[PDB]
$ cat work-v1.pdb   # PDB, C-alpha atoms
ATOM      1  CA  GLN A 103     -63.812 -34.230   4.288  1.00  0.00           C
ATOM      2  CA  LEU A 104     -61.477 -35.830   6.809  1.00  0.00           C
ATOM      3  CA  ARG A 105     -57.947 -34.449   6.463  1.00  0.00           C
ATOM      4  CA  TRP A 106     -56.632 -31.034   5.477  1.00  0.00           C
ATOM      5  CA  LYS A 107     -57.206 -29.541   2.065  1.00  0.00           C
ATOM      6  CA  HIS A 108     -56.578 -26.019   0.825  1.00  0.00           C
ATOM      7  CA  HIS A 109     -59.695 -23.878   0.651  1.00  0.00           C
ATOM      8  CA  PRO A 110     -59.029 -20.342  -0.558  1.00  0.00           C
ATOM      9  CA  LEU A 111     -61.691 -17.684  -0.133  1.00  0.00           C
ATOM     10  CA  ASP A 112     -61.395 -17.211  -3.902  1.00  0.00           C
ATOM     11  CA  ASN A 113     -63.326 -20.429  -4.100  1.00  0.00           C
ATOM     12  CA  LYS A 114     -66.769 -19.751  -2.698  1.00  0.00           C
ATOM     13  CA  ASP A 115     -68.018 -23.262  -2.080  1.00  0.00           C
ATOM     14  CA  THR A 116     -71.101 -24.062  -0.028  1.00  0.00           C
ATOM     15  CA  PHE A 117     -71.703 -27.808   0.210  1.00  0.00           C
ATOM     16  CA  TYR A 118     -68.759 -29.377   2.042  1.00  0.00           C
ATOM     17  CA  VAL A 119     -67.733 -30.208   5.569  1.00  0.00           C
ATOM     18  CA  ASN A 120     -64.377 -31.280   6.953  1.00  0.00           C
ATOM     19  CA  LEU A 121     -63.498 -33.391   9.952  1.00  0.00           C
ATOM     20  CA  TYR A 122     -60.071 -32.013  10.436  1.00  0.00           C
ATOM     21  CA  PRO A 123     -59.507 -29.691  13.414  1.00  0.00           C
ATOM     22  CA  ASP A 124     -57.990 -26.227  13.328  1.00  0.00           C
ATOM     23  CA  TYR A 125     -54.269 -26.032  12.581  1.00  0.00           C
ATOM     24  CA  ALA A 126     -54.000 -22.537  14.003  1.00  0.00           C
ATOM     25  CA  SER A 127     -55.342 -23.912  17.273  1.00  0.00           C
ATOM     26  CA  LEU A 128     -52.661 -26.593  16.981  1.00  0.00           C
ATOM     27  CA  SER A 129     -50.131 -23.826  16.501  1.00  0.00           C
ATOM     28  CA  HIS A 130     -51.533 -21.991  19.512  1.00  0.00           C
ATOM     29  CA  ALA A 131     -51.214 -25.163  21.562  1.00  0.00           C
ATOM     30  CA  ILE A 132     -47.595 -25.415  20.455  1.00  0.00           C
ATOM     31  CA  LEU A 133     -47.172 -21.782  21.476  1.00  0.00           C
ATOM     32  CA  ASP A 134     -48.609 -22.618  24.901  1.00  0.00           C
ATOM     33  CA  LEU A 135     -46.218 -25.555  25.013  1.00  0.00           C
ATOM     34  CA  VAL A 136     -43.061 -23.678  24.140  1.00  0.00           C
ATOM     35  CA  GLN A 137     -43.873 -20.602  26.238  1.00  0.00           C
ATOM     36  CA  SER A 138     -44.585 -22.974  29.106  1.00  0.00           C
ATOM     37  CA  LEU A 139     -41.164 -24.343  28.227  1.00  0.00           C
ATOM     38  CA  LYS A 140     -40.002 -20.686  28.036  1.00  0.00           C
ATOM     39  CA  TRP A 141     -37.816 -21.623  25.071  1.00  0.00           C
ATOM     40  CA  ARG A 142     -36.179 -19.077  22.805  1.00  0.00           C
ATOM     41  CA  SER A 143     -35.204 -21.932  20.478  1.00  0.00           C
ATOM     42  CA  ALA A 144     -37.063 -24.595  18.506  1.00  0.00           C
ATOM     43  CA  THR A 145     -36.549 -27.080  15.651  1.00  0.00           C
ATOM     44  CA  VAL A 146     -39.008 -28.305  13.002  1.00  0.00           C
ATOM     45  CA  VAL A 147     -38.944 -31.835  11.617  1.00  0.00           C
ATOM     46  CA  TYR A 148     -40.799 -32.090   8.318  1.00  0.00           C
ATOM     47  CA  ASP A 149     -40.442 -33.779   4.998  1.00  0.00           C
ATOM     48  CA  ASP A 150     -43.138 -32.217   2.815  1.00  0.00           C
ATOM     49  CA  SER A 151     -44.041 -28.711   1.835  1.00  0.00           C
ATOM     50  CA  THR A 152     -47.603 -29.557   2.824  1.00  0.00           C
ATOM     51  CA  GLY A 153     -46.901 -29.955   6.525  1.00  0.00           C
ATOM     52  CA  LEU A 154     -45.171 -26.596   6.426  1.00  0.00           C
ATOM     53  CA  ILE A 155     -48.256 -25.198   4.692  1.00  0.00           C
ATOM     54  CA  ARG A 156     -50.578 -26.553   7.351  1.00  0.00           C
ATOM     55  CA  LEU A 157     -48.281 -25.284  10.132  1.00  0.00           C
ATOM     56  CA  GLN A 158     -47.258 -21.951   8.583  1.00  0.00           C
ATOM     57  CA  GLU A 159     -49.059 -20.417  11.578  1.00  0.00           C
ATOM     58  CA  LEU A 160     -46.155 -21.648  13.668  1.00  0.00           C
ATOM     59  CA  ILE A 161     -43.808 -20.294  11.038  1.00  0.00           C
ATOM     60  CA  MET A 162     -45.232 -16.794  11.527  1.00  0.00           C
ATOM     61  CA  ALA A 163     -45.611 -17.314  15.331  1.00  0.00           C
ATOM     62  CA  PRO A 164     -42.234 -15.674  16.341  1.00  0.00           C
ATOM     63  CA  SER A 165     -43.872 -12.291  15.734  1.00  0.00           C
ATOM     64  CA  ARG A 166     -45.093 -12.359  19.316  1.00  0.00           C
ATOM     65  CA  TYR A 167     -41.886 -13.763  20.780  1.00  0.00           C
ATOM     66  CA  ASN A 168     -38.197 -13.826  19.940  1.00  0.00           C
ATOM     67  CA  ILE A 169     -37.291 -17.428  19.123  1.00  0.00           C
ATOM     68  CA  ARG A 170     -34.871 -18.813  16.558  1.00  0.00           C
ATOM     69  CA  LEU A 171     -36.229 -21.829  14.709  1.00  0.00           C
ATOM     70  CA  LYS A 172     -34.705 -24.458  12.426  1.00  0.00           C
ATOM     71  CA  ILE A 173     -36.870 -25.961   9.685  1.00  0.00           C
ATOM     72  CA  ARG A 174     -35.044 -28.666   7.709  1.00  0.00           C
ATOM     73  CA  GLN A 175     -36.173 -31.621   5.701  1.00  0.00           C
ATOM     74  CA  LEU A 176     -36.251 -35.408   5.921  1.00  0.00           C
ATOM     75  CA  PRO A 177     -35.169 -37.612   3.006  1.00  0.00           C
ATOM     76  CA  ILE A 178     -38.131 -37.564   0.688  1.00  0.00           C
ATOM     77  CA  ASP A 179     -38.252 -41.195  -0.461  1.00  0.00           C
ATOM     78  CA  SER A 180     -35.314 -42.790   1.254  1.00  0.00           C
ATOM     79  CA  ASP A 181     -35.661 -43.060   5.004  1.00  0.00           C
ATOM     80  CA  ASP A 182     -32.255 -42.125   6.452  1.00  0.00           C
ATOM     81  CA  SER A 183     -32.086 -38.797   8.272  1.00  0.00           C
ATOM     82  CA  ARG A 184     -29.042 -39.950  10.205  1.00  0.00           C
ATOM     83  CA  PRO A 185     -27.094 -37.553   7.941  1.00  0.00           C
ATOM     84  CA  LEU A 186     -29.617 -34.935   9.068  1.00  0.00           C
ATOM     85  CA  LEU A 187     -29.067 -36.233  12.595  1.00  0.00           C
ATOM     86  CA  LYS A 188     -25.379 -35.463  12.311  1.00  0.00           C
ATOM     87  CA  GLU A 189     -26.377 -32.138  10.723  1.00  0.00           C
ATOM     88  CA  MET A 190     -28.452 -31.212  13.760  1.00  0.00           C
ATOM     89  CA  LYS A 191     -25.657 -32.563  15.959  1.00  0.00           C
ATOM     90  CA  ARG A 192     -23.490 -29.823  14.507  1.00  0.00           C
ATOM     91  CA  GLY A 193     -26.631 -27.705  14.681  1.00  0.00           C
ATOM     92  CA  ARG A 194     -26.490 -28.398  18.430  1.00  0.00           C
ATOM     93  CA  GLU A 195     -30.252 -28.341  18.748  1.00  0.00           C
ATOM     94  CA  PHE A 196     -32.278 -30.223  21.289  1.00  0.00           C
ATOM     95  CA  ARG A 197     -35.700 -28.522  21.248  1.00  0.00           C
ATOM     96  CA  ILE A 198     -37.272 -30.360  18.387  1.00  0.00           C
ATOM     97  CA  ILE A 199     -40.802 -30.558  16.980  1.00  0.00           C
ATOM     98  CA  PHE A 200     -41.929 -33.586  15.028  1.00  0.00           C
ATOM     99  CA  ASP A 201     -44.513 -34.073  12.312  1.00  0.00           C
ATOM    100  CA  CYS A 202     -44.232 -36.909   9.781  1.00  0.00           C
ATOM    101  CA  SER A 203     -45.949 -40.203   9.209  1.00  0.00           C
TER     102      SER A 203
ATOM    103  CA  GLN B 103     -49.610 -25.481 -18.443  1.00  0.00           C
ATOM    104  CA  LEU B 104     -48.157 -22.106 -17.507  1.00  0.00           C
ATOM    105  CA  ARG B 105     -48.988 -21.533 -13.836  1.00  0.00           C
ATOM    106  CA  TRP B 106     -47.281 -23.403 -11.087  1.00  0.00           C
ATOM    107  CA  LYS B 107     -49.513 -25.976  -9.454  1.00  0.00           C
ATOM    108  CA  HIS B 108     -48.372 -28.637  -7.036  1.00  0.00           C
ATOM    109  CA  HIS B 109     -46.938 -31.800  -8.534  1.00  0.00           C
ATOM    110  CA  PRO B 110     -46.053 -34.262  -5.766  1.00  0.00           C
ATOM    111  CA  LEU B 111     -43.923 -37.384  -6.099  1.00  0.00           C
ATOM    112  CA  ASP B 112     -46.758 -39.827  -5.321  1.00  0.00           C
ATOM    113  CA  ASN B 113     -48.506 -37.887  -7.988  1.00  0.00           C
ATOM    114  CA  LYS B 114     -47.086 -40.390 -10.462  1.00  0.00           C
ATOM    115  CA  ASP B 115     -48.644 -39.290 -13.719  1.00  0.00           C
ATOM    116  CA  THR B 116     -46.958 -39.250 -17.111  1.00  0.00           C
ATOM    117  CA  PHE B 117     -48.832 -36.803 -19.355  1.00  0.00           C
ATOM    118  CA  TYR B 118     -48.126 -33.223 -18.235  1.00  0.00           C
ATOM    119  CA  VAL B 119     -45.773 -30.320 -18.773  1.00  0.00           C
ATOM    120  CA  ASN B 120     -45.388 -26.860 -17.336  1.00  0.00           C
ATOM    121  CA  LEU B 121     -43.129 -24.047 -18.531  1.00  0.00           C
ATOM    122  CA  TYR B 122     -42.742 -22.887 -15.010  1.00  0.00           C
ATOM    123  CA  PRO B 123     -39.309 -22.053 -13.567  1.00  0.00           C
ATOM    124  CA  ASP B 124     -38.347 -24.302 -10.697  1.00  0.00           C
ATOM    125  CA  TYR B 125     -38.687 -22.869  -7.188  1.00  0.00           C
ATOM    126  CA  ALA B 126     -35.350 -24.218  -5.978  1.00  0.00           C
ATOM    127  CA  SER B 127     -33.475 -22.625  -8.869  1.00  0.00           C
ATOM    128  CA  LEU B 128     -35.354 -19.374  -8.285  1.00  0.00           C
ATOM    129  CA  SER B 129     -34.560 -19.505  -4.571  1.00  0.00           C
ATOM    130  CA  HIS B 130     -30.914 -20.242  -5.309  1.00  0.00           C
ATOM    131  CA  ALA B 131     -30.774 -17.347  -7.736  1.00  0.00           C
ATOM    132  CA  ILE B 132     -32.075 -15.228  -4.859  1.00  0.00           C
ATOM    133  CA  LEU B 133     -29.293 -16.812  -2.822  1.00  0.00           C
ATOM    134  CA  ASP B 134     -26.836 -15.662  -5.482  1.00  0.00           C
ATOM    135  CA  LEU B 135     -28.256 -12.153  -5.098  1.00  0.00           C
ATOM    136  CA  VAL B 136     -28.062 -12.087  -1.322  1.00  0.00           C
ATOM    137  CA  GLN B 137     -24.590 -13.621  -1.306  1.00  0.00           C
ATOM    138  CA  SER B 138     -23.717 -10.830  -3.682  1.00  0.00           C
ATOM    139  CA  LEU B 139     -25.316  -8.537  -1.085  1.00  0.00           C
ATOM    140  CA  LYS B 140     -23.768 -10.129   2.062  1.00  0.00           C
ATOM    141  CA  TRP B 141     -26.936  -9.769   4.147  1.00  0.00           C
ATOM    142  CA  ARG B 142     -27.177 -10.842   7.782  1.00  0.00           C
ATOM    143  CA  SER B 143     -30.966 -10.845   7.875  1.00  0.00           C
ATOM    144  CA  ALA B 144     -34.034 -10.808   5.669  1.00  0.00           C
ATOM    145  CA  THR B 145     -37.780 -10.102   5.500  1.00  0.00           C
ATOM    146  CA  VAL B 146     -40.253 -11.647   3.054  1.00  0.00           C
ATOM    147  CA  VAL B 147     -43.273  -9.904   1.610  1.00  0.00           C
ATOM    148  CA  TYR B 148     -45.425 -12.750   0.380  1.00  0.00           C
ATOM    149  CA  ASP B 149     -48.950 -13.608  -0.666  1.00  0.00           C
ATOM    150  CA  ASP B 150     -50.185 -16.864   0.816  1.00  0.00           C
ATOM    151  CA  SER B 151     -49.386 -20.501   1.526  1.00  0.00           C
ATOM    152  CA  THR B 152     -47.923 -20.797  -1.988  1.00  0.00           C
TER     153      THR B 152
END
$ encode --input "work-v1.pdb" --output "structure tokens"
Amino acid sequence: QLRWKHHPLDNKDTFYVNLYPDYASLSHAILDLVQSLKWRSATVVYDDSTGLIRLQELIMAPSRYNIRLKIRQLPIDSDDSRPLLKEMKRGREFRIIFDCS
Amino acid sequence: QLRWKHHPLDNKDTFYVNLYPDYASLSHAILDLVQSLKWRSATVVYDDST
């Protein structure tokens, strides 16, 4: 395998490898980032549920530290988040994380 | 089908159903509850990535 796929422990497969790295390590690197930034505020850019799935570690990450986070969605097939840009303009947020194509 | 499974948009098939209630409508019914309850904060007990 190359990318991410879901592999529950309920499946007990043997003969498979993946070439994707560890998302929880990615989340830990983002933790190291934002705590080096000392931010108590962050903002998620996503479009899919799947990116949220793969980065749900960062969703549970404010257990160790008080930080308010905003997680709102791109246009799914159209490509104009300038309404969402004006949304975050009223959202007044500047500490923004990006994952998309 | 009965269970929810993921059906993406680029999943562009034609021959499928599921009797499953839609997550947004479920979530918004929960919103109706909480807006009937006027809550400032919340806490989810949940299973997994689903």
$ resolve_selection --input "work-v1.pdb" --expression "the ChimeraX specification (/B :<9) & /A" --output "MDAnalysis selection string"
chainID A and resid 154:156 158 178:179
$ resolve_selection --input "work-v1.pdb" --expression "the PyMOL selection byres ((chain A and resi 129-131) around 9)" --output "MDAnalysis selection string"
chainID A and resid 124:128 132:136 157:160 163
$ atom_distance --input "work-v1.pdb" --atom1 "atom CA of residue A:174" --atom2 "atom CA of residue A:161"
12.6 Å
$ residues_near_point --input "work-v1.pdb" --point "(-40.7, -23.3, 18.5)" --cutoff "10 Å" --atoms "all atoms listed in the file" --output "list in words"
residues 129, 132, 133, 135, 136, 137, 139, 140, 141, 142, 143, 144, 145, 146, 160, 161, 163, 164, 167, 168, 169, 170, 171, 172, 173, 197, 198 and 199 of chain A
$ write_last_selection --input "work-v1.pdb" --atoms "C-alpha atoms" --output "short mmCIF file (atom, residue, chain, number, x, y, z; two decimals), in the frame of the given file"
data_model
loop_
_atom_site.label_atom_id
_atom_site.label_comp_id
_atom_site.auth_asym_id
_atom_site.auth_seq_id
_atom_site.Cartn_x
_atom_site.Cartn_y
_atom_site.Cartn_z
CA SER A 129 -50.13 -23.83 16.50
CA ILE A 132 -47.60 -25.42 20.45
CA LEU A 133 -47.17 -21.78 21.48
CA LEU A 135 -46.22 -25.56 25.01
CA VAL A 136 -43.06 -23.68 24.14
CA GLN A 137 -43.87 -20.60 26.24
CA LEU A 139 -41.16 -24.34 28.23
CA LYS A 140 -40.00 -20.69 28.04
CA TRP A 141 -37.82 -21.62 25.07
CA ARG A 142 -36.18 -19.08 22.80
CA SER A 143 -35.20 -21.93 20.48
CA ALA A 144 -37.06 -24.60 18.51
CA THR A 145 -36.55 -27.08 15.65
CA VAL A 146 -39.01 -28.30 13.00
CA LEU A 160 -46.16 -21.65 13.67
CA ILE A 161 -43.81 -20.29 11.04
CA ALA A 163 -45.61 -17.31 15.33
CA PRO A 164 -42.23 -15.67 16.34
CA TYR A 167 -41.89 -13.76 20.78
CA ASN A 168 -38.20 -13.83 19.94
CA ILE A 169 -37.29 -17.43 19.12
CA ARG A 170 -34.87 -18.81 16.56
CA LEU A 171 -36.23 -21.83 14.71
CA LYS A 172 -34.70 -24.46 12.43
CA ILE A 173 -36.87 -25.96 9.68
CA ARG A 197 -35.70 -28.52 21.25
CA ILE A 198 -37.27 -30.36 18.39
CA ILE A 199 -40.80 -30.56 16.98
#
$ atom_distance --input "work-v1.pdb" --atom1 "atom CA of residue A:181" --atom2 "atom CA of residue A:149"
10.4 Å
$ closest_residue --input "work-v1.pdb" --among "A:186, A:115, A:150, A:180" --to "residue B:109" --atoms "all atoms listed in the file"
A:150
$ closest_residue --input "work-v1.pdb" --among "A:188, A:165, A:177, A:148" --to "residue A:201" --atoms "all atoms listed in the file"
A:148
$ decode --input "work-v1.pdb" --residues "stretch 180-201 of chain A" --atoms "N, CA, C and O atoms" --output "JSON list (two decimals), in the first residue's frame"
[["chain", "number", "residue", "atom", "x", "y", "z"],
["A", 180, "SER", "N", -17.39, 22.43, -6.13],
["A", 180, "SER", "CA", -16.96, 23.76, -6.52],
["A", 180, "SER", "C", -15.70, 24.12, -5.75],
["A", 180, "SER", "O", -15.33, 23.48, -4.76],
["A", 181, "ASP", "N", -15.03, 25.17, -6.20],
["A", 181, "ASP", "CA", -13.72, 25.50, -5.68],
["A", 181, "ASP", "C", -13.66, 26.97, -5.27],
["A", 181, "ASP", "O", -12.74, 27.70, -5.63],
["A", 182, "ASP", "N", -14.65, 27.42, -4.50],
["A", 182, "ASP", "CA", -14.69, 28.82, -4.06],
["A", 182, "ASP", "C", -14.95, 28.92, -2.56],
["A", 182, "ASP", "O", -16.10, 29.05, -2.13],
["A", 183, "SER", "N", -13.89, 28.89, -1.77],
["A", 183, "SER", "CA", -14.00, 29.11, -0.34],
["A", 183, "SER", "C", -13.80, 30.56, 0.05],
["A", 183, "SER", "O", -13.58, 30.85, 1.22],
["A", 184, "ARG", "N", -13.86, 31.47, -0.92],
["A", 184, "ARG", "CA", -13.96, 32.89, -0.59],
["A", 184, "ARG", "C", -15.19, 33.25, 0.25],
["A", 184, "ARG", "O", -15.06, 34.16, 1.08],
["A", 185, "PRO", "N", -16.36, 32.60, 0.11],
["A", 185, "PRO", "CA", -17.35, 32.71, 1.18],
["A", 185, "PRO", "C", -16.84, 32.23, 2.52],
["A", 185, "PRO", "O", -16.99, 32.95, 3.51],
["A", 186, "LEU", "N", -16.16, 31.08, 2.56],
["A", 186, "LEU", "CA", -15.53, 30.61, 3.79],
["A", 186, "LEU", "C", -14.41, 31.54, 4.23],
["A", 186, "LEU", "O", -14.13, 31.65, 5.42],
["A", 187, "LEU", "N", -13.77, 32.23, 3.28],
["A", 187, "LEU", "CA", -12.78, 33.22, 3.66],
["A", 187, "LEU", "C", -13.43, 34.38, 4.39],
["A", 187, "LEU", "O", -12.89, 34.90, 5.36],
["A", 188, "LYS", "N", -14.58, 34.83, 3.91],
["A", 188, "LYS", "CA", -15.26, 35.90, 4.63],
["A", 188, "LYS", "C", -15.84, 35.39, 5.95],
["A", 188, "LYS", "O", -15.91, 36.14, 6.94],
["A", 189, "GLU", "N", -16.21, 34.11, 5.98],
["A", 189, "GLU", "CA", -16.61, 33.45, 7.23],
["A", 189, "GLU", "C", -15.52, 33.48, 8.27],
["A", 189, "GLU", "O", -15.76, 33.83, 9.42],
["A", 190, "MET", "N", -14.31, 33.09, 7.90],
["A", 190, "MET", "CA", -13.19, 33.12, 8.83],
["A", 190, "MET", "C", -12.72, 34.54, 9.11],
["A", 190, "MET", "O", -12.09, 34.78, 10.14],
["A", 191, "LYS", "N", -12.96, 35.47, 8.18],
["A", 191, "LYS", "CA", -12.76, 36.88, 8.45],
["A", 191, "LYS", "C", -13.64, 37.36, 9.60],
["A", 191, "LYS", "O", -13.17, 38.07, 10.50],
["A", 192, "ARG", "N", -14.91, 36.96, 9.61],
["A", 192, "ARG", "CA", -15.70, 37.23, 10.81],
["A", 192, "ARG", "C", -15.28, 36.32, 11.95],
["A", 192, "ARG", "O", -15.41, 36.69, 13.12],
["A", 193, "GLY", "N", -14.75, 35.15, 11.62],
["A", 193, "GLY", "CA", -14.19, 34.25, 12.60],
["A", 193, "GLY", "C", -12.92, 34.77, 13.21],
["A", 193, "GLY", "O", -12.54, 34.30, 14.29],
["A", 194, "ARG", "N", -12.25, 35.71, 12.53],
["A", 194, "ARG", "CA", -11.14, 36.49, 13.08],
["A", 194, "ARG", "C", -9.97, 35.59, 13.43],
["A", 194, "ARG", "O", -9.29, 35.79, 14.43],
["A", 195, "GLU", "N", -9.76, 34.58, 12.61],
["A", 195, "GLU", "CA", -8.76, 33.57, 12.89],
["A", 195, "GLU", "C", -7.63, 33.67, 11.89],
["A", 195, "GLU", "O", -7.83, 33.98, 10.71],
["A", 196, "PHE", "N", -6.43, 33.42, 12.39],
["A", 196, "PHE", "CA", -5.20, 33.70, 11.69],
["A", 196, "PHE", "C", -4.20, 32.57, 11.83],
["A", 196, "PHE", "O", -3.11, 32.65, 11.26],
["A", 197, "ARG", "N", -4.55, 31.52, 12.58],
["A", 197, "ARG", "CA", -3.62, 30.48, 12.99],
["A", 197, "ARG", "C", -4.16, 29.20, 12.36],
["A", 197, "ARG", "O", -4.89, 28.44, 13.00],
["A", 198, "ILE", "N", -3.83, 28.98, 11.10],
["A", 198, "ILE", "CA", -4.64, 28.14, 10.25],
["A", 198, "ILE", "C", -3.81, 26.98, 9.71],
["A", 198, "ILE", "O", -2.67, 27.17, 9.28],
["A", 199, "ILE", "N", -4.39, 25.78, 9.74],
["A", 199, "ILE", "CA", -3.72, 24.56, 9.32],
["A", 199, "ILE", "C", -4.36, 24.13, 8.02],
["A", 199, "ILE", "O", -5.58, 24.27, 7.86],
["A", 200, "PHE", "N", -3.56, 23.60, 7.11],
["A", 200, "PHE", "CA", -4.03, 23.35, 5.76],
["A", 200, "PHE", "C", -3.72, 21.92, 5.37],
["A", 200, "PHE", "O", -2.57, 21.49, 5.42],
["A", 201, "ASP", "N", -4.76, 21.20, 4.96],
["A", 201, "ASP", "CA", -4.63, 19.93, 4.26],
["A", 201, "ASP", "C", -5.74, 19.86, 3.23],
["A", 201, "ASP", "O", -6.92, 19.97, 3.58]]
